[PDB]
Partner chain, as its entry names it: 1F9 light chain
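Okay, so here's just one chain, in structure tokens, the form deposited without the partner chain.
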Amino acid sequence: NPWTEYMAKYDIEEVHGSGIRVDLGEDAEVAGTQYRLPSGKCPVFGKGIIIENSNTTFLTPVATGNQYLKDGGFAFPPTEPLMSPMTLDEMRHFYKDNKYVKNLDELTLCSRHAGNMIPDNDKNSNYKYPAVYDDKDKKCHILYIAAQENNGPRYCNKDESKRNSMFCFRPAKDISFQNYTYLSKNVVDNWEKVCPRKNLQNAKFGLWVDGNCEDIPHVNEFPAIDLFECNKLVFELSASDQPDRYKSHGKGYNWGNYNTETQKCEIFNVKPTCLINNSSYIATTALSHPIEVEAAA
């Protein structure tokens, strides 16, 4: 298989190793309770969180002090000195003296910055907050809330007049989330080499068998008007750690072959191991950015 190293980034179970839609792949002990934590090793491009029946954007700080719960989002509340949000520039300055961190790309720097805060009860230093990097404003947002999905009248309430009740929410990709990248504490600093990012133009994921690249023999077809919508669908169906019985370890419907002419998002759940040259196809994954395309060149 001459495809082996090229295709290595597509073995999501190995290079990511956690949920994608919902990433709660590790447990962190804090005063004797095991809290669930994001732990995927790849950046999830375009993922954000939608709070249901709400105008509150999830990068809004969590409610503190005298605010209502439903008035805050998921992000770190103001601190002294102010840790979040922090611009790329601020981070480079703040971490200027640190040998390992000072020169990291923006996503890994944002992950290491979020993972720098030890909660005061965490005697063993286990707990590392996830983060969202917004590359339009170039700001790292540490997420105080690590949860990514909460539905059902049982655990959330959509009633906008009950403003100290727990809100419902879900992970999503959305055109408005295009500039967001969701980062676990485990984001690897060489993600650029070992993780999906770009959608592959003129290529169809296949399986290498006995010297030849075969079509994926069974796929789940969803209509989709464009690549963006295909990437969204794959994301919705991808590895999820949402209720180690609840851990996906990165197993799920993480790949799609998008046929631009038939507008079919062909979604499948095994690692592909080669590419087929087909001008009708764009190869996407739940991790990949929902817009960016790598030229056939």
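Numbering follows the first chain given and starts at 1. C-alpha atoms forming the largest set that superposes within 1.5 Å between two forms make up the rigid core.
Worksheet entry | More variable segment, 90-98 or 120-128 [Cα RMS over structures in 5 other deposited structures of this protein, core-superposed] | Looking at 90-98 versus 120-128 in 5 other deposited structures of this protein, the farther one turns out to be 120-128.
Item to complete: Overlaying the structures in 5 other deposited structures of this protein on the rigid core, point out which of 202-210 and 103-111 has the bigger RMS C-alpha shift.
Response: Result of the core-fitted comparison in 5 other deposited structures of this protein: 202-210 deviates more.
Discussion item. If you look at the other compared entries where the surrounding residues are built, does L69 lack coordinates in a third or more?
Written reply: That residue is missing from at least a third of the other compared entries.
Discussion item. Does the comparison with other entries of this protein show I225 left unmodelled in at least a third of them?
Written reply: no, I225 modelled in all other entries.
Worksheet item: According to the PDB entry, how many deposited residues between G32 and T33 are absent from the model (none, 1 to 3, 4 to 9, 10 or more)?
Response: The entry leaves nothing out here.
Worksheet item: Going by the B-factors listed in the PDB entry, is the mean over the C-alpha atoms higher for 157-165 or for 84-92?
Response: For C-alpha atoms only, the mean B-factor is higher in 157-165.
Worksheet item: Comparing 75-83 with 182-190, which has the greater mean CA B-factor as deposited?
Response: If you average the C-alpha B-factors of 75-83 and of 182-190, the larger mean comes out for 75-83.
Fill in: Among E266, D244, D241, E229 - the residue whose C-alpha B-factor is largest in the record
Among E266, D244, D241, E229, the highest C-alpha B-factor in the entry belongs to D244.
Fill in: Largest Cα B-factor, entry values, listed residues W208, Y129, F177, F205
It is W208.
Worksheet item: If you rank every modelled residue in this chain by C-alpha B factor, which third holds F58: lowest, middle or highest?
Response: According to the entry, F58 has a C-alpha B-factor in the chain's middle third.
Fill in: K136 - Cα temperature factor, lowest/middle/highest third of chain
Its C-alpha B-factor, which the entry lists for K136, ranks in the highest third among residues of this chain.
Item to complete: Within this chain's modelled residues, let me know which third the CA B factor of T273 belongs to: lowest, middle or highest.
Response: Answer is middle: the recorded C-alpha B-factor places it there.
Worksheet item: Thinking about Cα B factors across the chain, which third does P223 belong to?
Response: Lowest third of the chain for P223's C-alpha B-factor.
Practice prompt. Taking the chain's C-alpha temperature factors as the reference, tell me which third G48 falls into: lowest, middle or highest.
Written response: Its C-alpha B-factor, which the entry lists for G48, ranks in the lowest third among residues of this chain.
This next part talks about the form deposited with the partner chain bound, which is not shown.
Discussion item. Within 4.5 Å of the partner chain in the bound PDB entry - does that hold for a heavy atom of every one of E90, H93 and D97?
Written reply: All of them do, each having a heavy atom within 4.5 Å of the partner.
Worksheet item: According to a 4.5 angstroms non-hydrogen atom cut-off, is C195 in contact with the partner chain in the bound PDB entry?
Response: The answer is no: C195 has no heavy atom within 4.5 Å of the partner chain.
Item to complete: Indicate whether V209 is a 4.5 Å heavy atom neighbour of the partner chain in the bound PDB entry.
Response: Result no; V209 lies far from the partner chain in the bound PDB entry.
Discussion item. Taking the partner chain as it sits in the bound PDB entry, is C140 near enough to touch it, meaning that at least one heavy atom pair lies within 4.5 angstroms?
Written reply: Outside the cut-off, so no.
Worksheet item: How about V132: is it within 4.5 Å of the partner chain in the bound PDB entry, going by heavy atoms?
Response: Looking in the bound PDB entry, residue contacts with the partner chain do not include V132, since no heavy atom lies within 4.5 Å.
Worksheet item: If we check the partner chain in the bound PDB entry, which of the residues in 69-86 reach within 4.5 angstroms of it by a non-hydrogen atom?
Response: Residues within 4.5 Å: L82, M86.
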